[PDB]
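Summary of structural features
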Amino acid sequence: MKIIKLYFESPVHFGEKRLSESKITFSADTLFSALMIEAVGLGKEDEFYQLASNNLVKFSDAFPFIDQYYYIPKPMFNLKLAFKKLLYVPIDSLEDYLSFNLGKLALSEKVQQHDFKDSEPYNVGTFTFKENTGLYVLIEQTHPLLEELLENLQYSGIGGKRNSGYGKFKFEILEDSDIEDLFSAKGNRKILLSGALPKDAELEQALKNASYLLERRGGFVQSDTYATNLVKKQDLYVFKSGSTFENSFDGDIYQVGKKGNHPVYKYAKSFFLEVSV
Amino acid sequence: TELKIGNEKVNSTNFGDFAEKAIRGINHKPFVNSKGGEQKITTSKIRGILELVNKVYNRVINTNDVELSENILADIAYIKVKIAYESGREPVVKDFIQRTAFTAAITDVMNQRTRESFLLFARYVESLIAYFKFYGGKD
Amino acid sequence: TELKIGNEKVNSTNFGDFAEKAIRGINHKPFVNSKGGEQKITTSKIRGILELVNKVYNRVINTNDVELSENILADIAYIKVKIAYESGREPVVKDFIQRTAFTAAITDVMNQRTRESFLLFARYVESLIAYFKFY
Amino acid sequence: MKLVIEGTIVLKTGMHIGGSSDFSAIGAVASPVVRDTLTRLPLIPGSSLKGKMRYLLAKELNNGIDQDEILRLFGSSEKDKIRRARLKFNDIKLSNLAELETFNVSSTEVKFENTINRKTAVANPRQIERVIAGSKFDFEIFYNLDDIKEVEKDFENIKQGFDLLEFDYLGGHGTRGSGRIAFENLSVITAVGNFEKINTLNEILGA
Amino acid sequence: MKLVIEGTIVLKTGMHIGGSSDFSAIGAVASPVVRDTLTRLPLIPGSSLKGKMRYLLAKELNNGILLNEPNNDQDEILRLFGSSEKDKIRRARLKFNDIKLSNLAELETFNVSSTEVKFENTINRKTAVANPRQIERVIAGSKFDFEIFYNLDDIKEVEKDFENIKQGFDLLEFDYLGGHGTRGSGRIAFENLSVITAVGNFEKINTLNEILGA
Amino acid sequence: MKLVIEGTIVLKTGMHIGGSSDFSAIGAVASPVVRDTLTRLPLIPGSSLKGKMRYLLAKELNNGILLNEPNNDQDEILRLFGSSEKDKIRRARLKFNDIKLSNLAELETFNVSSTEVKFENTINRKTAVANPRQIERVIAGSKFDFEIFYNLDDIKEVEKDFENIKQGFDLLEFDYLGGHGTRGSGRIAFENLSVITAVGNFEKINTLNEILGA
Amino acid sequence: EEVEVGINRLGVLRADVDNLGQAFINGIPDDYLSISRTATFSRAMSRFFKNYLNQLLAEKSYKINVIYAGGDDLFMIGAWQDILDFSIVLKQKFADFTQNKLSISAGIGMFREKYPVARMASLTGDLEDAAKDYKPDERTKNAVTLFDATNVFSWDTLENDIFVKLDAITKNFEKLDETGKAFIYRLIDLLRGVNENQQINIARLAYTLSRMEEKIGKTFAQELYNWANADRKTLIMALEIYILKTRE
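Residues numbered from 1 in each chain as written, not as in the entry; some residues may be left out. Chains lettered and ligands numbered in written order. Part of a larger assembly, values for the part shown. Heavy atoms only, no water. Residues with missing side-chain atoms left out of burial classes, pairs and counts.

As recorded in the PDB header, cryo-EM is the method behind this entry, and the stated resolution is 3.47 Å.

The PDB entry annotates chain D as CRISPR-associated protein Csm3 originating from Lactococcus lactis subsp. lactis. Each PDB entry has a title, and for this one the record gives "Structure of the Lactococcus lactis Csm NTR CRISPR-Cas Complex".

Labelled according to the PDB entry, chain C appears under the name CRISPR-associated protein Csm2, originating from Lactococcus lactis subsp. lactis. On record in UniProt, under Sequence similarities (unreviewed entry), the comment for chain C is "Belongs to the CRISPR-associated Csm2 family." (UniProt positions renumbered as here; feature names shortened; annotations may be inferred.)

Attention now moves to the overall build of chain C. Counting secondary structure elements, chain C contains 6 helices and 2 strands. Shown N-terminal to C-terminal, the secondary structure of chain C runs as helices and strands in the order β-β-α-α-α-α-α-α. In terms of C-alpha radius of gyration, chain C reaches 15 Å, essentially the compact-globule figure of 14 Å for 135 residues. Projected onto its principal axes, the C-alpha coordinates of chain C cover approximately 50 × 30 × 25 Å. Here chain C, with 135 residues, has 47% of them falling under the buried criterion. Counting only carbon and sulfur atoms, one obtains 51% of the accessible surface of chain C, whose full area is about 7000 Å². Within chain C, one finds 20 positive and 16 negative side-chain charges whose respective centroids are separated by 6 Å. (Helix = DSSP H or I, 4+ residues; strand = E, 2+ residues; numbered from the N terminus. Rg over C-alpha atoms; globule rule 2.2 N^0.38 Å. Buried < 20%, exposed > 50% of the residue type's maximum accessible area, 1.4 Å probe, protein only. Areas by Shrake-Rupley, 256 points an atom, 1.4 Å probe, with all protein chains shown as cover. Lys, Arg positive; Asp, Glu negative; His and termini not counted. Charge placed at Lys NZ, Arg CZ, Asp CG, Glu CD.)

Moving on to the overall build of chain D. Helices and strands together make up the secondary structure of chain D, namely 5 helices and 10 strands. Along the longest, intermediate and shortest principal axes, the C-alpha atoms of chain D span 60 × 45 × 30 Å.

Residues and elements named next belong to chain A. Positionally, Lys-269 belongs in the loop between strand 14 (265–267) and strand 15 (272–275). No salt bridge is formed by the buried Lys-269; its nearest oppositely charged neighbour, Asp-252, is found at 4.7 Å. Dropping the residues within four chain positions of it, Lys-269 is found in contact with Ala-52, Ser-53, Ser-194, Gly-195, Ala-196, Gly-251, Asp-252 and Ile-253. (Salt bridge = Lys/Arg side-chain N within 4 Å of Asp/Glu carboxyl O. Contact = heavy atoms within 4.5 Å.)

Once that is clear, we can look at the interface of chain B and chain E. With 10 residues of chain B at the interface, the matching set in chain E holds 12 residues. Taking both sides of the interface into account, the surface hidden between chain B and chain E amounts to around 880 Å²; carbon and sulfur atoms contribute 48%. For the chain B face of the interface with chain E, the top three residues by lost area are B:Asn58, B:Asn62 and B:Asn64, together amounting to 48%. Linking chain B with chain E are 0 salt bridges. At the junction of chain B and chain E, the tally comes to 4 residue pairs in polar contact. A total of 5 residues in the side of chain B that touches chain E trace back to one element, the largest contributor, which is helix 2 (residues 43–60) of chain B. When the residues that make up the side of chain B that touches chain E are grouped by side-chain class, the tally is 4 nonpolar, 4 polar and 2 charged. (Buried area = accessible area lost by both parts, 1.4 Å probe. Polar contact = N/O pair within 3.5 Å; in protein donor to acceptor, adjacent residues only side chain to side chain. Nonpolar A, V, L, I, M, F, W, Y, C, P; charged D, E, K, R; others polar.)

Our focus in this paragraph is the environment of D:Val131. All names here are of chain D. Position of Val-131 relative to the elements: it lies in strand 8 (residues 126–131). On the accessibility criterion, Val-131 (1% relative accessible area) is buried. Considering only alpha carbons, one finds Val-131 and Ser-107, 24 residues apart in sequence, at a separation of 6.2 Å. Sequence-distant contacts of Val-131, that is, excluding residues within four places in its chain, are made with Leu-11, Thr-13, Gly-14, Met-15, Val-33, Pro-42, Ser-107, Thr-108, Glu-109 and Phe-137.

Another point: the nonpolar core. Ranked by size, the top nonpolar core spans 178 residues in total, and within it B:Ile76, B:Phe118, B:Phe121, C:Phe102, C:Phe118 and C:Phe121 carry the most contacts. Looking at which element gives the most residues to this core, the answer is helix 6 (residues 115–134) of chain B, with 13 residues. (Core = buried A, V, L, I, M, F, W, Y, C linked by side-chain atoms within 4.5 Å.)

Residues and elements named next belong to chain C. Two elements in contact, helix 2 (residues 44–60) and helix 3 (residues 70–89), have axes separated by 10 Å at closest approach and are oriented at 175°. Viewed along their axes, helix 2 and helix 3 adopt a mutual orientation that is roughly antiparallel. Across the interface between the two elements, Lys-45, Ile-49, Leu-52, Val-53, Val-56, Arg-59 and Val-60 from helix 2 touch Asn-71, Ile-72, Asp-75, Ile-76, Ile-79, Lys-82, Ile-83, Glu-86 and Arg-89 from helix 3. Residue classes in the contact of helix 2 with helix 3 are distributed as 9 nonpolar, 1 polar and 6 charged. (Axes fitted to C-alpha atoms, helices over the stretch in contact; angles between N-to-C directions. Parallel < 35°, antiparallel > 145°, perpendicular 65-115°, else oblique.)

So, about the interface of chain D and chain E. Each partner contributes to the interface: chain D provides 27 residues, whereas chain E provides 37 residues. When chain D packs against chain E, close to 2500 Å² is buried across both sides, 54% of that on carbon and sulfur atoms. Ranking the residues of chain D by area buried against chain E places D:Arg118, D:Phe167 and D:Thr175 at the top, with a combined share of 33%. Here chain D is connected to chain E by 5 salt bridges. Among the salt bridges present, the one from D:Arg118 reaches E:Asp73, with a minimum N-O distance of 2.9 Å. Applying the counting rule to chain D against chain E returns 10 residue pairs in polar contact. Of all elements in the fold, only helix 1 (46–61) and strand 7 (108–113) of chain D reach the threshold of two or more residues within the side of chain D that touches chain E. The greatest single-element share of the side of chain D that touches chain E, amounting to 4 residues, is contributed by strand 7 of chain D.

What follows is about the environment of F:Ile44. Residues and elements named next belong to chain F. Tracing the sequence through the fold places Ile-44 in strand 2 (residues 43–44). The exposure class assigned to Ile-44 is buried, which follows from its relative accessible area of 0%. Along the primary structure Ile-44 and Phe-146 are separated by 102 residues, whereas in three dimensions their C-alpha atoms are 9.3 Å apart. Discounting residues that sit within four places of it in the chain, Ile-44 has contacts with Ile-9, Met-15, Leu-49, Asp-98, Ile-99, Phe-144 and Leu-177.

Take the sheet that holds strand 1 (residues 2–11) of chain D next. One open sheet holds the 4 strands; their spatial order is 5-9-1-10 (chain D), and the pairing between them is antiparallel. A strand with exactly one partner marks an edge of an open sheet, and here the two such strands are strand 5 (87–88) and strand 10 (181–192) of chain D. (Pairing = 2+ DSSP bridges.)

Residue and element names in this part refer to chain A. Sheet architecture is open: 6 strands sit in the order 4-3-2-7-1-8, paired in antiparallel fashion. Across the chains shown, the open sheet's two edge strands, defined by having one partner strand only, are strand 4 (88–90) and strand 8 (169–175). The sheet shows a mean angle of 35° between the axes of neighbouring strands, taken without regard to direction. The pairing of strand 1 (residues 2–8) with strand 8 spans 7 bridges and is antiparallel. Across the sheet, residue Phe-8 finds its bridge partner in strand 8, namely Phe-169. Contacting strand 2 (58–66) and strand 7 (134–140), helix 1 (residues 28–42) crosses the sheet at an angle of about 115° to strand 2.

With that settled, consider the layout of surface pockets. Counted as a void, the second largest pocket has a volume near 490 Å³. Forming the boundary of the second largest pocket are 20 residues, of which C:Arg59, C:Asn62, C:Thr63, F:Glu108 and F:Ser113 lie nearest the centre. (1 Å grid on protein atoms, 1.4 Å probe; cavity = no way out; pocket = protein on both sides within 12 Å on 5 of 7 lines; lining within 4 Å. Points joined across faces, edges and corners; volume = space filled by probe spheres on them.)

Right, let's talk about the pairing of strand 8 of chain D for a bit. Residues and elements named next belong to chain D. For strand 8, a buried count of 5 out of 6 residues is recorded, marking the element as mostly surrounded by other parts of the structure. Bridge analysis of strand 7 against strand 8 gives 6 bridges, and the strand direction is antiparallel. From the neighbouring strand, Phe-112 faces strand 8, where its bridge partner is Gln-127.

Contact between chain A and chain C is absent, and the minimum C-alpha spacing across the pair is 50 Å. There is a gap between chain C and chain D: no contact, and a shortest C-alpha distance of 26 Å.

Okay, unusual backbone geometry next. Here the residue pair E:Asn62 and E:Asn63 is connected by a cis peptide bond, since its omega of 15° sits within 30 degrees of zero. Residue placement: E:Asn63 occurs in the loop between helix 1 (46–60) and helix 2 (75–81). Here G:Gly180 and G:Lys181 are connected by a cis peptide whose omega angle stands at 10°. Mapped onto the secondary structure, G:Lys181 falls in the loop between helix 5 (155–172) and helix 6 (182–191). Within the chain, B:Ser34 stands out as a residue other than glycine whose phi angle is a positive 70°. Of note in the backbone geometry, G:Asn100 takes a positive phi value of approximately 60° without being a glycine. With respect to the helices, strands and loops of the structure, G:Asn100 is situated in the loop between helix 3 (80–97) and strand 5 (103–111). G:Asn100 sits in the exposed class, given a relative accessible area of 64%.

What follows is the structure in structure tokens.
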């Protein structure tokens, strides 16, 4: 299980629903859509689409990491049960759970100035990591297409207020030894680590003793060829990447969008971390 | 960054304390003058000493160079010989330059020819005028 | 800015310590009049030496150019010859000038006819006065 | 092909830049300069450089018409002419802090200004915090080469935007004597891919 | 296109300018002259030159009296220096710059520092006691090589604008540039005024360099 | 409109003025005169002449009784010499300038340097011991060419302003300009007093140049 | 506009109640525990925050608009002088209604009149949680944050030390017709310089106070020096609020 470690040289803006705010992680929707925007410039969109669709390349969303430690969002267990406010927990110590801050958020105030009418101020919510800190993306069975799609993405940036100028990173695809056998080992309750949406034939058994939190995924399509107008794509309500389950599923690459010149994809596959509780 | 006063070095954290301590050394036991009575140094002579070091302080702060110029050190040694002249004039000045060890501090900045040494000595003298006016003054 | 006295180039910075040790040399080893007696130099003659020197200093400070005019050199050599006369009068003043080498300093300032050398020489004489009055 | 336009902005004047919501005391700097939120070095945003370059290029190249030679560089999202932005500006941080500590100065200064009312002749003092002059700013502008036909005209236009910015300010109170910048050590190096005619691009800039 | 107005501000008197409100030393110079932080050269801010030049040119083009806000001066003065009204916003053509000390080396040849500390006081007329102050002026006879950029938006108005620029330069020669001006300081003069185009060639640059050359 | 009041200040007595900002040797001149730092030829500060002339007109125009602050003078004195009252403030019509020693050619023709050293002393009454001082005065007969700008705001008030300026010059001719004045220094005399226009032509420059050149 | 003698700035206040959730769960002991007391305790707090502060705003006509009500949150906006003069009496009357059992944690912010209200609310939420994160070095959660995240004082410090110093400064600087605010600005310019240069600014403070005690009085100069030597953080805030309250 390789590790796509991302060190950032710039403050980043990963928007949720507004430009003024930003979260500290990008979802796997953003990472897959970013990688496939990099693929369409290479003329290799279908190879990447069929590489993900045949479950060969399958990645999580971004999680924070600090020096030597890898963190994940708090698994909302359906427990029968200070330490109350810990939004991120380490991936090494989860089985025994049954101090932390990375950088700070900011709001970089900007304008759109004009000569003969008054300027229009606006805000862009940033997030600056520390110098020993960044994000990581889990990946199984890395690929030379994936290895080079990250090589173009570091010179086009990830996040929102790219191009001006916030997404800038330098990846290291790295391989780890104590967190590949956290995925080889298994328990009985399967926590989710991606923005997954179960298919309609398996949703009703996916949520049996589930404790989830739906997060809406929408926004406008980002291409200059989709019907020559910046048009919103239909909203997809997926589970959060810190939810737990009892019956595992497999998501899909949903094509969120009506009439247009290319299929606008959204990564809603799953990536489970089975643990005993 | 230190400045040996007698043998007790002052840095940028504990020079005003020793300036006030030296003022309370001069006050509460003032200079008996061999006439019988006790005298203390007037405000005009001590402000003459202050403007004597400020004629160099006006030319030191507006330079970034951590090594002092040869013209600045010339005026610092000239300050030393002038203070030695006024100390030879009246002994009330001599007791002041002895107890607030002006000549030993001015030798120390004369040895370690660095801008921070003169800045520390100037803040020491300025704090010393300050505690002269505050503690035991006519105002 | 340099001023070689006997063996010692005194520059613009060490004039005070050298005048101090020159005054401290005459103390603890004073002049003997050859009569046996108890003698040292007065303050009136040494401040006469200074006010001979300072009659040029307060006219030099009018001048910005570092090249001294030849009338100022005439006055400086005239200081030298009046110091020669006053040293010729009494052996106390002669021994003072021989010990605290005023003659060497005035030859150096007549050699290198520049403003900085005379200002340094005046500072040397002035510090000689200051450490005589201090000691 | 991703090309990296690398260079260095040196300040010939103050260059106050940016705005903050930070609280100001009574005798203290109102409108302080923008800094990095962790390291607190003075910072030029990529948006400020991008908007000033776009302003100068669209002021010069257009003569009462925007045509596409600016939209292909900086991007647009209008109703019909949507173009993906080729240039990817980045947030520029202070480069030569090692040089400024050799000169025993900080990275920024407090400029004291006021205004005089013409009716009552009363002052109104303000304190604006500018970067000091003579501080260098090393930047990287990622160029995304996909139309190999027009990279020549686009790099000519980028150099024209740089030398138009050499005569105007970069931000803040520019007309009242601040903001003057100068570009030096401009150089282009291919990040991914191997571009053949990188010498003509580095000779458009490096001259 | 873009023009450049470059010349030399030579001081005839002290010209204390700028300052800091910081607590200066007990024995000190109080309210020092504004400086570049890096080079420690004495400085003319471009804001001070723009504000004083705009004030004198606004008073003269009015004429005589000038008792309004800076936003609604004459349209010539708006089109040079700028305006921020609600619908009548006018972009500034002139762009002033911070001005460092030009002839520091020549001032070093005479072996004088580039700034002086002037001693002053006031006499309390009831009590006849003095209130001493020290102020840090630049020394007189020091030069200041400036550089003013000028936007060129309208070609039929550039001759009138450069006439007003030379008029503001000439009116500033009979006033001060900053600080304690009516108490005998601040007096400047303009020398070697000329116009060079930034890039390109101008077909009507001879008459601007002739207006500003005399 | 702007007028320039120009003339000459000759010294009938010493006129030591000002303070340095310079080290002094031991047996030598304490308190040297202020000099223009570049040439380091002696100077009349514009502030000192403004202060003494303002003192003399505000004292004389009152009735001869003056104990108020500079902001509580007459409306005429606040009209010319400026004021800083909080509500209804006045711009100073006169802009004074630093005044340099002008006729150095005539003083070098006599082969004397521009400043002398006056040897003074005090005698103790109780112990009959002395205490000498040496002060640096300028030499008598050493002219001081000056020029003062007059900000002409209203035509209907300029004649009274110039009559009051001439009254201040005639009052200043009977006192000293700076330094130890009661002991025989500082006495000045104004000659060649004339008024010229800075730019343009004033309607009545004949009746103003008649007043100062009476 | 009808705030006369101050700087025209909006004041925003937040005032979370310290641990009303924990007091709701186990703030009442087991021997006196029933449905009646659990009903009447929430009755009492809802009664306070929805009627009593309306009474307090009405009885002395404070220039304050209130929006929220409750121990969950509060949101008042109005004239900054009335916000600052009402925060202490809200603390005193909450500690009198709850009889020193429940506490609050306010955050006060100074804002310009046409500032975005969303940014006003977010920034005063930052001042709120700065007050709720208040503690000494080891290892007290009731505090007020004044206009900026670094001026975190407890209610005792604001209502006693800052306000007694401010009333003494206002009492001793209204009888003098010359001294402030130029002397007060020169006093702050070195009191805030004690942090970077300690000894020389304390000595310059001593020289300035002994030099210009000829007009302010020897007692006021001695207590200005002694407060500036003991609690400098408090007198800087008192002087800043005094100059903000005496602007124009």
